[PDB]
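Participant: Dropping in entry_11.cif, which is mmCIF, C-alpha atoms and all ligand atoms:
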```
data_query
loop_
_atom_site.label_atom_id
_atom_site.label_comp_id
_atom_site.auth_asym_id
_atom_site.auth_seq_id
_atom_site.Cartn_x
_atom_site.Cartn_y
_atom_site.Cartn_z
CA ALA G 2 24.49 -1.90 -10.09
CA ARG G 3 23.61 -4.08 -7.07
CA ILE G 4 20.33 -2.67 -5.73
CA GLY G 5 18.31 -4.33 -2.99
CA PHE G 6 14.71 -3.69 -1.95
CA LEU G 7 14.02 -4.45 1.70
CA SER G 8 10.54 -4.97 3.10
CA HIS G 9 8.88 -6.60 6.09
CA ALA G 10 6.46 -8.29 3.64
CA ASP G 11 6.99 -9.80 0.21
CA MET G 12 3.70 -8.28 -0.97
CA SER G 13 5.20 -4.78 -0.97
CA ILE G 14 8.06 -5.97 -3.17
CA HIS G 15 5.76 -7.89 -5.52
CA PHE G 16 2.99 -5.29 -5.90
CA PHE G 17 4.68 -1.95 -5.17
CA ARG G 18 8.44 -2.03 -5.75
CA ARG G 19 8.24 -4.40 -8.75
CA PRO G 20 8.08 -1.79 -11.54
CA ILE G 21 11.21 -0.11 -10.16
CA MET G 22 12.96 -3.45 -9.84
CA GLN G 23 11.98 -4.54 -13.35
CA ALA G 24 13.22 -1.26 -14.82
CA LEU G 25 16.61 -1.72 -13.16
CA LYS G 26 16.86 -5.38 -14.17
CA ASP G 27 16.15 -4.45 -17.79
CA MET G 28 18.95 -1.85 -17.57
CA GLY G 29 21.33 -4.67 -16.65
CA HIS G 30 21.58 -4.31 -12.87
CA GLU G 31 21.43 -7.06 -10.25
CA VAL G 32 18.27 -6.61 -8.18
CA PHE G 33 17.43 -8.18 -4.82
CA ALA G 34 14.00 -8.76 -3.29
CA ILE G 35 14.64 -8.93 0.46
CA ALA G 36 11.61 -9.98 2.52
CA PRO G 37 10.57 -12.82 4.85
CA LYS G 38 9.27 -15.99 3.24
CA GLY G 39 5.75 -15.42 1.98
CA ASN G 40 3.25 -16.32 -0.72
CA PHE G 41 5.11 -14.34 -3.40
CA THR G 42 8.67 -15.45 -2.64
CA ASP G 43 8.82 -18.24 -5.22
CA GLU G 44 7.38 -15.99 -7.93
CA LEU G 45 9.68 -13.12 -6.95
CA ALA G 46 12.67 -15.48 -7.12
CA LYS G 47 12.23 -16.16 -10.86
CA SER G 48 12.12 -12.42 -11.59
CA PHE G 49 14.82 -11.20 -9.18
CA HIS G 50 17.27 -12.46 -6.55
CA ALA G 51 14.94 -13.38 -3.68
CA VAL G 52 16.48 -13.19 -0.20
CA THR G 53 14.53 -14.26 2.90
CA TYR G 54 15.13 -13.57 6.58
CA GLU G 55 13.45 -14.19 9.91
CA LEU G 56 11.36 -11.24 11.10
CA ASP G 57 8.83 -10.94 13.93
CA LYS G 58 6.87 -8.38 11.94
CA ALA G 59 4.66 -6.89 14.66
CA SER G 60 6.72 -7.66 17.77
CA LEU G 61 8.01 -4.74 19.85
CA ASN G 62 10.17 -6.84 22.19
CA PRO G 63 13.59 -5.09 22.18
CA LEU G 64 15.77 -8.21 22.28
CA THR G 65 13.69 -9.79 19.51
CA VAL G 66 13.98 -6.68 17.32
CA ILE G 67 17.69 -6.29 18.10
CA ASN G 68 18.65 -9.91 17.40
CA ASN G 69 16.42 -9.83 14.31
CA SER G 70 18.09 -6.67 12.98
CA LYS G 71 21.54 -8.12 13.71
CA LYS G 72 20.78 -11.24 11.68
CA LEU G 73 19.35 -8.99 8.97
CA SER G 74 22.51 -6.89 8.96
CA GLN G 75 24.44 -10.09 8.25
CA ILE G 76 22.02 -11.26 5.55
CA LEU G 77 22.29 -7.83 3.93
CA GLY G 78 26.09 -7.68 4.06
CA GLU G 79 26.30 -11.01 2.26
CA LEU G 80 24.59 -9.35 -0.71
CA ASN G 81 27.34 -6.76 -1.29
CA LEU G 82 24.83 -4.08 -2.21
CA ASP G 83 25.59 -0.65 -3.63
CA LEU G 84 22.18 0.78 -2.69
CA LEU G 85 19.25 -0.35 -0.54
CA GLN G 86 15.67 0.83 -0.96
CA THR G 87 13.64 0.22 2.21
CA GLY G 88 9.89 0.50 2.66
CA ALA G 89 7.58 1.11 5.62
CA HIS G 90 8.55 1.60 9.24
CA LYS G 91 10.43 -1.48 10.39
CA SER G 92 12.55 -1.54 7.24
CA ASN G 93 12.96 2.24 7.18
CA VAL G 94 14.25 2.29 10.76
CA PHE G 95 15.88 -1.01 11.69
CA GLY G 96 16.56 -1.89 8.07
CA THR G 97 18.63 1.28 7.82
CA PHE G 98 20.59 0.61 11.01
CA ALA G 99 21.19 -2.93 9.77
CA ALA G 100 22.17 -1.68 6.32
CA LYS G 101 24.67 0.85 7.65
CA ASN G 102 26.20 -1.70 10.03
CA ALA G 103 26.55 -3.90 6.93
CA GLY G 104 28.58 -1.39 4.91
CA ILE G 105 25.88 -0.29 2.45
CA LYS G 106 26.84 3.24 1.46
CA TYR G 107 23.44 4.40 0.16
CA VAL G 108 20.03 3.74 1.70
CA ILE G 109 16.84 5.25 0.27
CA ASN G 110 13.78 5.14 2.52
CA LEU G 111 10.10 5.02 1.58
CA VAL G 112 7.03 6.06 3.57
CA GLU G 113 3.72 4.80 2.14
CA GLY G 114 1.34 5.31 5.06
CA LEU G 115 1.92 6.10 8.72
CA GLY G 116 0.10 2.99 9.96
CA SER G 117 -1.94 2.00 12.97
CA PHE G 118 0.38 3.77 15.41
CA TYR G 119 -1.32 6.98 14.21
CA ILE G 120 -4.85 5.52 14.30
CA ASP G 121 -4.81 4.25 17.87
CA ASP G 122 -4.42 6.92 20.55
CA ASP G 123 -4.04 4.88 23.75
CA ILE G 124 -1.18 5.83 26.06
CA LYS G 125 0.82 2.72 25.15
CA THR G 126 0.58 3.51 21.44
CA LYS G 127 1.43 7.17 22.08
CA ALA G 128 4.64 6.05 23.79
CA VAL G 129 5.50 3.69 20.93
CA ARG G 130 4.85 6.46 18.41
CA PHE G 131 7.26 8.77 20.24
CA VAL G 132 10.05 6.17 20.27
CA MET G 133 9.57 5.34 16.59
CA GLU G 134 9.64 9.02 15.63
CA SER G 135 12.77 9.44 17.76
CA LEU G 136 14.46 6.55 15.96
CA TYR G 137 13.33 7.99 12.61
CA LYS G 138 15.39 11.10 13.38
CA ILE G 139 18.42 8.80 13.44
CA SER G 140 17.64 6.49 10.53
CA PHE G 141 16.62 9.42 8.32
CA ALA G 142 19.93 11.09 9.25
CA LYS G 143 21.89 7.96 8.30
CA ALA G 144 19.86 7.43 5.12
CA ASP G 145 20.41 9.59 2.05
CA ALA G 146 16.81 10.25 0.98
CA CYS G 147 13.22 9.26 1.66
CA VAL G 148 10.47 8.95 -0.94
CA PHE G 149 6.88 9.73 0.05
CA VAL G 150 3.91 8.38 -1.91
CA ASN G 151 1.60 11.14 -0.67
CA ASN G 152 1.98 14.73 0.54
CA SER G 153 0.50 14.44 4.04
CA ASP G 154 3.09 11.99 5.37
CA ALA G 155 5.90 14.21 4.06
CA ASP G 156 4.35 17.38 5.48
CA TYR G 157 3.80 15.65 8.81
CA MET G 158 7.27 14.16 9.23
CA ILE G 159 8.80 17.47 8.14
CA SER G 160 6.58 19.33 10.61
CA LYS G 161 7.92 17.09 13.40
CA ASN G 162 11.54 17.85 12.36
CA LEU G 163 12.15 14.17 11.69
CA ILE G 164 13.77 14.78 8.29
CA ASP G 165 15.10 17.77 6.37
CA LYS G 166 13.24 18.93 3.27
CA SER G 167 16.51 18.33 1.43
CA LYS G 168 15.99 14.58 1.68
CA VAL G 169 12.21 14.56 1.13
CA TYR G 170 11.20 13.44 -2.36
CA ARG G 171 7.51 13.45 -3.25
CA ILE G 172 6.61 10.83 -5.88
CA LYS G 173 2.83 10.53 -5.77
CA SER G 174 1.69 6.92 -5.56
CA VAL G 175 3.79 3.87 -6.36
CA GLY G 176 2.12 3.63 -9.76
CA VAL G 177 -0.19 1.12 -11.43
CA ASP G 178 0.23 -0.88 -14.64
CA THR G 179 -2.34 0.97 -16.73
CA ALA G 180 -1.70 -1.31 -19.72
CA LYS G 181 -2.48 -4.38 -17.60
CA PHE G 182 -5.33 -2.64 -15.72
CA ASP G 183 -7.10 -1.75 -18.96
CA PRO G 184 -10.87 -2.27 -19.33
CA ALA G 185 -10.72 -2.77 -23.09
CA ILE G 186 -8.57 -5.91 -22.84
CA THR G 187 -10.04 -7.38 -19.62
CA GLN G 188 -12.83 -9.95 -19.36
CA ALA G 189 -14.90 -9.35 -16.24
CA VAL G 190 -15.31 -12.14 -13.73
CA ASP G 191 -18.86 -13.51 -13.73
CA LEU G 192 -20.27 -12.45 -10.36
CA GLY G 193 -23.87 -12.57 -11.57
CA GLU G 194 -26.27 -9.86 -12.68
CA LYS G 195 -25.66 -7.71 -9.59
CA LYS G 196 -24.12 -4.30 -8.92
CA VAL G 197 -20.91 -5.51 -7.26
CA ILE G 198 -19.72 -3.24 -4.45
CA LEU G 199 -16.09 -4.33 -4.25
CA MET G 200 -13.64 -3.87 -1.39
CA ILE G 201 -10.05 -5.08 -1.89
CA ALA G 202 -8.02 -5.08 1.30
CA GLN G 203 -6.27 -7.19 3.86
CA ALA G 204 -8.92 -7.72 6.54
CA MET G 205 -7.58 -5.16 8.98
CA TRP G 206 -10.15 -3.54 11.27
CA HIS G 207 -8.21 -0.37 10.42
CA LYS G 208 -9.05 -0.90 6.74
CA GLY G 209 -12.74 -0.38 7.51
CA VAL G 210 -13.78 -4.02 7.24
CA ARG G 211 -16.41 -3.66 9.97
CA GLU G 212 -17.87 -0.58 8.29
CA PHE G 213 -17.97 -2.30 4.90
CA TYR G 214 -19.84 -5.24 6.44
CA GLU G 215 -22.29 -3.08 8.40
CA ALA G 216 -22.87 -1.01 5.25
CA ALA G 217 -23.73 -4.26 3.47
CA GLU G 218 -26.32 -5.03 6.15
CA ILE G 219 -27.73 -1.51 5.84
CA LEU G 220 -28.15 -1.50 2.06
CA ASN G 221 -29.22 -5.18 2.09
CA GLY G 222 -29.17 -5.58 -1.67
CA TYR G 223 -30.57 -2.14 -2.51
CA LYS G 224 -30.95 -1.61 -6.27
CA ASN G 225 -29.71 -5.19 -6.70
CA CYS G 226 -26.26 -4.50 -5.24
CA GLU G 227 -23.94 -7.12 -3.77
CA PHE G 228 -21.02 -6.34 -1.49
CA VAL G 229 -17.91 -8.36 -2.38
CA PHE G 230 -14.74 -8.49 -0.29
CA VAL G 231 -11.36 -9.59 -1.65
CA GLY G 232 -8.50 -10.21 0.76
CA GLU G 233 -7.21 -12.41 3.54
CA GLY G 234 -8.09 -12.72 7.19
CA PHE G 235 -5.91 -14.08 9.99
CA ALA G 236 -6.87 -16.11 13.05
CA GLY G 237 -5.86 -15.03 16.54
CA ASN G 238 -5.19 -11.43 15.49
CA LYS G 239 -6.86 -8.58 17.38
CA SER G 240 -6.01 -6.35 14.42
CA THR G 241 -7.82 -8.54 11.87
CA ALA G 242 -11.16 -10.08 11.03
CA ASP G 243 -11.13 -13.86 11.01
CA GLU G 244 -12.66 -15.85 8.17
CA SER G 245 -15.70 -16.53 10.36
CA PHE G 246 -16.52 -12.81 10.35
CA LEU G 247 -15.64 -12.36 6.68
CA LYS G 248 -17.99 -15.19 5.69
CA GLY G 249 -20.78 -14.40 8.14
CA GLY G 250 -22.27 -11.19 6.80
CA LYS G 251 -24.23 -9.82 3.84
CA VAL G 252 -20.95 -9.88 1.93
CA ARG G 253 -19.63 -12.38 -0.61
CA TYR G 254 -16.12 -13.34 0.49
CA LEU G 255 -13.65 -14.34 -2.22
CA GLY G 256 -10.52 -14.49 -0.08
CA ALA G 257 -7.23 -13.80 -1.84
CA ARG G 258 -7.32 -13.37 -5.61
CA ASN G 259 -4.93 -12.74 -8.49
CA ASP G 260 -7.52 -11.60 -11.08
CA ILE G 261 -7.97 -8.11 -9.71
CA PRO G 262 -8.39 -6.41 -13.12
CA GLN G 263 -11.10 -8.94 -13.94
CA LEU G 264 -12.82 -8.46 -10.59
CA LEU G 265 -12.71 -4.67 -10.96
CA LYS G 266 -14.15 -5.00 -14.48
CA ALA G 267 -17.05 -6.98 -12.99
CA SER G 268 -17.61 -4.45 -10.21
CA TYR G 269 -19.85 -1.36 -10.10
CA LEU G 270 -17.61 0.61 -7.71
CA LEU G 271 -14.74 0.08 -5.30
CA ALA G 272 -15.08 0.89 -1.60
CA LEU G 273 -12.12 1.64 0.68
CA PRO G 274 -13.39 2.87 4.08
CA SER G 275 -9.86 2.82 5.49
CA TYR G 276 -8.93 4.50 8.74
CA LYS G 277 -5.65 5.71 7.16
CA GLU G 278 -3.72 5.18 3.93
CA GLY G 279 -0.68 6.42 2.02
CA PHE G 280 -1.80 6.45 -1.60
CA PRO G 281 -4.03 3.39 -1.78
CA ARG G 282 -3.16 1.13 -4.69
CA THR G 283 -6.57 -0.56 -4.83
CA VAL G 284 -8.00 2.91 -5.46
CA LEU G 285 -5.45 3.35 -8.24
CA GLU G 286 -6.45 -0.04 -9.67
CA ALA G 287 -10.12 0.96 -9.63
CA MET G 288 -9.33 4.29 -11.29
CA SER G 289 -7.32 2.47 -13.96
CA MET G 290 -10.34 0.19 -14.50
CA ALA G 291 -12.52 3.30 -14.95
CA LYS G 292 -14.51 2.48 -11.81
CA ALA G 293 -15.76 5.05 -9.31
CA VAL G 294 -14.43 4.89 -5.76
CA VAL G 295 -16.10 5.55 -2.41
CA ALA G 296 -13.34 6.02 0.17
CA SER G 297 -12.96 7.41 3.67
CA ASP G 298 -12.04 11.08 4.03
CA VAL G 299 -8.75 10.15 5.69
CA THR G 300 -5.05 10.53 4.99
CA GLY G 301 -4.09 9.16 1.58
CA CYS G 302 -7.64 8.36 0.50
CA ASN G 303 -8.32 12.12 0.36
CA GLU G 304 -5.38 12.57 -2.02
CA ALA G 305 -6.19 9.62 -4.28
CA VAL G 306 -9.92 10.46 -4.38
CA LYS G 307 -11.08 14.02 -5.07
CA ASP G 308 -14.71 14.26 -3.96
CA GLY G 309 -16.90 14.71 -7.00
CA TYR G 310 -14.08 14.13 -9.48
CA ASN G 311 -13.15 10.42 -9.43
CA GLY G 312 -15.25 9.30 -6.48
CA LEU G 313 -16.99 10.23 -3.25
CA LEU G 314 -15.51 10.68 0.22
CA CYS G 315 -17.39 9.42 3.27
CA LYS G 316 -16.83 9.95 6.98
CA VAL G 317 -14.51 7.48 8.70
CA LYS G 318 -15.77 4.94 11.24
CA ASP G 319 -19.27 5.56 9.88
CA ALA G 320 -21.06 2.65 8.24
CA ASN G 321 -24.17 4.73 7.49
CA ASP G 322 -22.31 7.45 5.58
CA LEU G 323 -20.43 4.80 3.60
CA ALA G 324 -23.77 3.19 2.75
CA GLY G 325 -25.12 6.61 1.78
CA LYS G 326 -22.39 7.35 -0.72
CA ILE G 327 -22.79 3.88 -2.22
CA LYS G 328 -26.57 4.36 -2.40
CA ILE G 329 -26.11 7.74 -4.09
CA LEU G 330 -24.08 6.05 -6.81
CA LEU G 331 -26.53 3.16 -7.08
CA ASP G 332 -29.26 5.79 -7.47
CA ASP G 333 -27.35 7.62 -10.23
CA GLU G 334 -25.57 5.40 -12.75
CA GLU G 335 -24.66 8.24 -15.11
CA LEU G 336 -22.81 9.92 -12.24
CA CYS G 337 -20.99 6.74 -11.22
CA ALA G 338 -19.65 6.31 -14.75
CA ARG G 339 -18.56 9.96 -14.96
CA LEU G 340 -16.46 9.55 -11.80
CA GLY G 341 -14.85 6.35 -13.05
CA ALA G 342 -14.03 7.94 -16.40
CA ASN G 343 -12.35 10.78 -14.50
CA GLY G 344 -10.40 8.21 -12.49
CA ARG G 345 -9.08 6.44 -15.59
CA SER G 346 -8.08 9.76 -17.15
CA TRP G 347 -6.25 10.86 -13.99
CA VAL G 348 -4.19 7.67 -13.56
CA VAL G 349 -3.06 7.39 -17.19
CA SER G 350 -1.63 10.90 -17.02
CA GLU G 351 -0.04 10.84 -13.56
CA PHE G 352 0.13 7.33 -12.07
CA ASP G 353 1.32 4.88 -14.72
CA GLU G 354 4.00 2.75 -13.07
CA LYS G 355 6.55 3.14 -15.88
CA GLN G 356 7.13 6.87 -15.38
CA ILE G 357 6.95 6.50 -11.59
CA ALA G 358 9.74 3.91 -11.75
CA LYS G 359 11.90 6.18 -13.91
CA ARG G 360 11.60 8.89 -11.25
CA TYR G 361 12.90 6.54 -8.55
CA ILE G 362 15.87 5.71 -10.81
CA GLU G 363 16.60 9.42 -11.19
CA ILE G 364 16.95 9.58 -7.40
CA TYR G 365 19.27 6.57 -7.52
CA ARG G 366 21.31 8.22 -10.30
CA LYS G 367 22.19 10.89 -7.72
CA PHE G 368 24.22 8.32 -5.76
CA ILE G 369 25.16 5.48 -8.15
CA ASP G 370 25.75 4.93 -11.86
CA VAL G 371 22.78 3.21 -13.50
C1 LIG R 401 -0.94 2.73 4.58
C2 LIG R 401 -1.80 1.56 4.25
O1 LIG R 401 -2.63 1.11 5.05
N1 LIG R 401 -1.62 1.07 3.00
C3 LIG R 401 -0.72 1.55 2.00
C4 LIG R 401 0.17 0.38 1.57
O2 LIG R 401 -0.54 -0.68 0.97
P1 LIG R 401 -1.30 -1.93 1.73
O3 LIG R 401 -0.23 -2.80 2.30
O4 LIG R 401 -2.38 -1.36 2.59
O5 LIG R 401 -1.93 -2.59 0.39
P2 LIG R 401 -3.10 -1.91 -0.52
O6 LIG R 401 -4.43 -2.29 0.05
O7 LIG R 401 -2.77 -0.50 -0.87
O8 LIG R 401 -2.81 -2.77 -1.87
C5 LIG R 401 -3.02 -4.17 -1.91
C6 LIG R 401 -2.36 -4.78 -3.13
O9 LIG R 401 -2.56 -6.18 -3.12
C7 LIG R 401 -3.36 -6.58 -4.19
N2 LIG R 401 -4.19 -7.68 -3.73
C8 LIG R 401 -4.81 -7.59 -2.51
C9 LIG R 401 -5.60 -8.56 -2.03
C10 LIG R 401 -5.84 -9.75 -2.79
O10 LIG R 401 -6.51 -10.70 -2.48
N3 LIG R 401 -5.19 -9.76 -4.01
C11 LIG R 401 -4.37 -8.79 -4.53
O11 LIG R 401 -3.86 -8.91 -5.62
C12 LIG R 401 -4.11 -5.34 -4.60
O12 LIG R 401 -4.53 -5.46 -5.92
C13 LIG R 401 -3.05 -4.25 -4.38
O13 LIG R 401 -2.16 -4.23 -5.46
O14 LIG R 401 1.06 0.84 0.62
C14 LIG R 401 0.41 1.17 -0.60
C15 LIG R 401 1.48 1.41 -1.65
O15 LIG R 401 1.93 2.73 -1.55
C16 LIG R 401 -0.51 2.36 -0.41
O16 LIG R 401 0.14 3.56 -0.13
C17 LIG R 401 -1.46 2.04 0.75
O17 LIG R 401 -2.20 3.16 1.15
#
```
How does this structure look as structure tokens?
Ligand SMILES: CC(=O)N[C@H]1[C@@H](OP(=O)(O)OP(=O)(O)OC[C@H]2O[C@@H](n3ccc(=O)[nH]c3=O)[C@H](O)[C@@H]2O)O[C@H](CO)[C@H](O)[C@@H]1O

Facilitator:
Amino acid sequence: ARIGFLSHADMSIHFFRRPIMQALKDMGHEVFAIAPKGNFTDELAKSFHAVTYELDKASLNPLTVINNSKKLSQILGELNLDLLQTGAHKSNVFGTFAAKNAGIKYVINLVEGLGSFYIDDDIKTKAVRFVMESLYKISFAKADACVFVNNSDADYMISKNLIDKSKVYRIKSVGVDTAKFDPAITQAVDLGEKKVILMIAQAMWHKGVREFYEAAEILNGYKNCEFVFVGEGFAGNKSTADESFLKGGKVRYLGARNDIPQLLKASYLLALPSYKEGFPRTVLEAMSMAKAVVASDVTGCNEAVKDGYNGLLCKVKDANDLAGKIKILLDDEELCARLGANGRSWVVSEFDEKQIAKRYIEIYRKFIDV
């Protein structure tokens, strides 16, 4: 009845875990949102028990990551948790070690994307990938189960004998609030009289930001289109576009936004030229808003978008092919609407958050009384 949700970032708790956490709260359980201080901490803290901790999120310095995970073990023990749900690599691995050193009997892991350590292929990153996968063998062994939001990550980690099928649970996508993301009750943002080509993402190079911006240059307002980017940059980050880049192209930059349903309602299609995903939630949000998607033919994207059904797949690291798929849909409105309609139909029947949350709780029921 004391269930914590550990993440390296409060955004995962607030956007992804939330439906699970709200379901458990409603059932009368005490629910903990464990993540470093961020932009959603204050909001999270009036819905659940917010707990913050110091985390060097990207650092790979052993002593930093050891000291950090010792402090986290203490922070976690003070919560007297019955079960901990972790998410993503650093929480899955070091969060599990910390949780077990803290006396938490049950730890459920979650993989929602393999990350940039499977995009980059340099020798340094290949070494880091090997260590992480070696530690996963241990954390997965100490943990009781791991949920996977797509099939490819599960297949892969199984193929590498990192985890036994017995513990693999496949719950496709983290779900989307299809009653909130509902065209009929949403008033579009006013972005003009243009065909808005919308990309929602943190400005990671590995999200395809460069390709989205080059594709904007290539189409250059074709058929009265306008590329729009929603998300945050970060200065002094090799892995990220700075605001100067995000504002300096044939793209309208809106920064961070909370009116995503309204922005999607204003848009003509959603683009996600990611280098790698798990089950992208912005794609789900577009589908729920009955909007067609053009996404990269990469892990995750190619499970959330079926080419010719709810969207079009384009080659990765290829600004011209991304522009081509967008042009195709600009050239054929009746097709673009048909794909969006298929997206809305697919999400309502398989990806509404409420049933997805109930399936997580059925996994928890295996170990604790809810
Ligand atoms: C592996 C990877 O690279 N990403 C995965 C990771 O999500 P990411 O961390 O990549 O986030 P995402 O891009 O899937 O989702 C972003 C979330 O933030 C919201 N948002 C974003 C920007 C903004 O200004 N305002 C706003 O509200 C957006 O509506 C969405 O709900 O986990 C997700 C949940 O499973 C998916 O599996 C993604 O594939």

Participant: With all atoms listed in the file as the atoms that count, which of G:316, G:161, G:360, G:239 lies nearest to residue 295 (chain G)?

Facilitator: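 Going through G:316, G:161, G:360, G:239 one by one, the smallest distance to residue 295 (chain G) is for G:316.
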
Participant: My list of candidates is G:326, G:266, G:208, G:173. Which is closest to residue 304 (chain G) when distances are computed with only C-alpha atoms?

Facilitator: G:173

Participant: For region 341-355 of chain G, please output as a count of residues only all residues within 7 Å (counting all atoms listed in the file; exclusion window: fewer than 4 positions along the same chain).

Facilitator: 18

Participant: Within 7 Å of region 201-207 of chain G, counting only C-alpha atoms, which residues show up once you throw out same-chain ones fewer than 5 positions away? Write them as a PyMOL selection string, please.

Facilitator: chain G and resi 230-234+240-242+275-276+283

Participant: With distances taken over only C-alpha atoms, which of G:336, G:371, G:317, G:144 is nearest to residue 120 (chain G)?

Facilitator: G:317

Participant: Pick the closest to ligand LIG 401 (chain R) from G:190, G:150, G:73, G:210: which is it, counting all atoms listed in the file?

Facilitator: G:150

Participant: Would you work out the distance separating CA of residue 221 (chain G) from CA of residue 334 (chain G), expressed in Å to one decimal?

Facilitator: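 According to the coordinates, CA of residue 221 (chain G) and CA of residue 334 (chain G) are separated by 18.6 Å.
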
Participant: Excluding same-chain residues fewer than 2 positions from residue 265 (chain G), what lies within 10 Å of it counting only C-alpha atoms, as JSON, numbers by chain?

Facilitator: {"G": [182, 184, 187, 188, 189, 190, 197, 198, 199, 200, 201, 260, 261, 262, 263, 267, 268, 269, 270, 271, 283, 286, 287, 288, 289, 290, 291, 292]}

Participant: Would you compute the distance between CA of residue 159 (chain G) and CA of residue 25 (chain G)? Give it in Å to one decimal.

Facilitator: 29.7 Å

Participant: Between G:80, G:56, G:314, G:226, which is the closest to residue 193 (chain G) once you count only C-alpha atoms?

Facilitator: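 Among G:80, G:56, G:314, G:226, it is G:226 that comes nearest to residue 193 (chain G).
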
Participant: Since the input has fewer atoms than a full residue there, write region 356-367 of chain G out with N, CA and C atoms, as a PDB file, in the frame of the given file.

Facilitator:
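Output below, filename selection_33.pdb:
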```
ATOM      1  N   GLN G 356       6.513   5.575 -15.659  1.00  0.00           N
ATOM      2  CA  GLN G 356       7.130   6.870 -15.380  1.00  0.00           C
ATOM      3  C   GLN G 356       7.463   7.024 -13.903  1.00  0.00           C
ATOM      4  N   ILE G 357       6.646   6.445 -13.018  1.00  0.00           N
ATOM      5  CA  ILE G 357       6.950   6.500 -11.590  1.00  0.00           C
ATOM      6  C   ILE G 357       8.274   5.788 -11.312  1.00  0.00           C
ATOM      7  N   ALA G 358       8.496   4.641 -11.955  1.00  0.00           N
ATOM      8  CA  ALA G 358       9.740   3.910 -11.750  1.00  0.00           C
ATOM      9  C   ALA G 358      10.934   4.717 -12.237  1.00  0.00           C
ATOM     10  N   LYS G 359      10.804   5.365 -13.396  1.00  0.00           N
ATOM     11  CA  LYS G 359      11.900   6.180 -13.910  1.00  0.00           C
ATOM     12  C   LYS G 359      12.266   7.294 -12.942  1.00  0.00           C
ATOM     13  N   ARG G 360      11.296   7.812 -12.188  1.00  0.00           N
ATOM     14  CA  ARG G 360      11.600   8.890 -11.250  1.00  0.00           C
ATOM     15  C   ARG G 360      12.369   8.368 -10.036  1.00  0.00           C
ATOM     16  N   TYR G 361      12.071   7.155  -9.583  1.00  0.00           N
ATOM     17  CA  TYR G 361      12.900   6.540  -8.550  1.00  0.00           C
ATOM     18  C   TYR G 361      14.339   6.388  -9.034  1.00  0.00           C
ATOM     19  N   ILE G 362      14.523   5.938 -10.280  1.00  0.00           N
ATOM     20  CA  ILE G 362      15.870   5.710 -10.810  1.00  0.00           C
ATOM     21  C   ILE G 362      16.628   7.012 -10.948  1.00  0.00           C
ATOM     22  N   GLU G 363      15.926   8.126 -11.165  1.00  0.00           N
ATOM     23  CA  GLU G 363      16.600   9.420 -11.190  1.00  0.00           C
ATOM     24  C   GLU G 363      17.125   9.791  -9.808  1.00  0.00           C
ATOM     25  N   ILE G 364      16.419   9.389  -8.747  1.00  0.00           N
ATOM     26  CA  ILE G 364      16.950   9.580  -7.400  1.00  0.00           C
ATOM     27  C   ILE G 364      18.180   8.711  -7.201  1.00  0.00           C
ATOM     28  N   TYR G 365      18.120   7.456  -7.647  1.00  0.00           N
ATOM     29  CA  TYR G 365      19.270   6.570  -7.520  1.00  0.00           C
ATOM     30  C   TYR G 365      20.462   7.105  -8.302  1.00  0.00           C
ATOM     31  N   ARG G 366      20.218   7.668  -9.493  1.00  0.00           N
ATOM     32  CA  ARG G 366      21.310   8.220 -10.300  1.00  0.00           C
ATOM     33  C   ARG G 366      22.100   9.261  -9.521  1.00  0.00           C
ATOM     34  N   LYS G 367      21.482   9.884  -8.511  1.00  0.00           N
ATOM     35  CA  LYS G 367      22.190  10.890  -7.720  1.00  0.00           C
ATOM     36  C   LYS G 367      23.330  10.273  -6.923  1.00  0.00           C
TER      37      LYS G 367
END
```
